[PDB]
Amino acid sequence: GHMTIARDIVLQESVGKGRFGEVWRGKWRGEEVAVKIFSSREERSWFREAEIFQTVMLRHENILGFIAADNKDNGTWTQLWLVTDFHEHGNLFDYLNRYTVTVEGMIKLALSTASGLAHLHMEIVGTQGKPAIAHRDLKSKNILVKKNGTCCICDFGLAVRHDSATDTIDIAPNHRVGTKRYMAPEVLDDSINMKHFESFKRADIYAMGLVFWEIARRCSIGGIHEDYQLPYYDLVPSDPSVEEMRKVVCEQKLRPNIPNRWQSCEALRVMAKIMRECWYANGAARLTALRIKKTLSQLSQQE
């Protein structure tokens, strides 16, 4: 018995929930693991996320480490499990709400997020390669902060994979699946072309620029920083509808405000420029995750 299995895992603490499935801190052969638990009626969601997590060549330091998909029968009902590495800090949302970061801290968070997304989006051609994956629900609540102060992306149930040979998407995607606040303009107004996989990669970039805005607010220089806020906190209610978002992002064409103090620091200037270049209404004009990783790597080298 070498491989990690459900019957050997002991749940210790409930830590949160996804759209479906509750996340627990568990102990497996003396080590901490995260267990995402789904009910029998949530099999499709569980299966889909296990399917994404099992994608060939997916493992990357900035992608949540998958361990196993399993079942657990308690004698009354069956639970469907997704076991992964456990990241004590939780999500970027929790971390940024609790702490401010330095210039170095900010670049580590932004660069690691961009590196994970670049790896996700990257297609390695051939049967022994890797299909391109688009997240479709990227947000600060879906990005985990590791002990070393770097990020890893989780919550892949809404993801879509591209097959280069057939030039097709592995599923028939439903429209407007993600978090309304982070939905790209083309997703909000339904102009998105669901037949082109590049559309999904471009909508993930938009959401990442919003996440960078959340990080940059918390970068403290000389003890000066902004308070924690979700993007569009100044324009929409909590739990905004698609129409509330669409009126702001598409009709009025507003983006989160870029403060005057971000022009005073080079790291903040580079971050502010990436943001504007992720926020174009035209998806084709946005930066790629690979290009962002390259720009931030250069900035990390220099600092």
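So that there is no doubt, residue numbering starts at 1 and follows the sequence shown.
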query	finding
Entry-level comparison of average CA B-factors, 46-54 and 255-263, reporting the higher stretch	255-263
Stretch exceeding the other in mean C-alpha B-factor - 244-252, 266-274	266-274
Out of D170, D85, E214, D204, highest CA B-factor residue	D170
Residue with maximal Cα B-factor (values as given in the PDB entry) among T179, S199, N74, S191	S191
CA B-factor ranking of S39, expressed as a third of its chain	lowest
B-factor third for the C-alpha atom of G30 within its chain	middle
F20 CA temperature factor, ranked by third within the chain	highest
Chain-wide C-alpha B factor ranking for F93, given as lowest, middle or highest third	lowest
Third of chain Cα B-factors occupied by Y228	middle
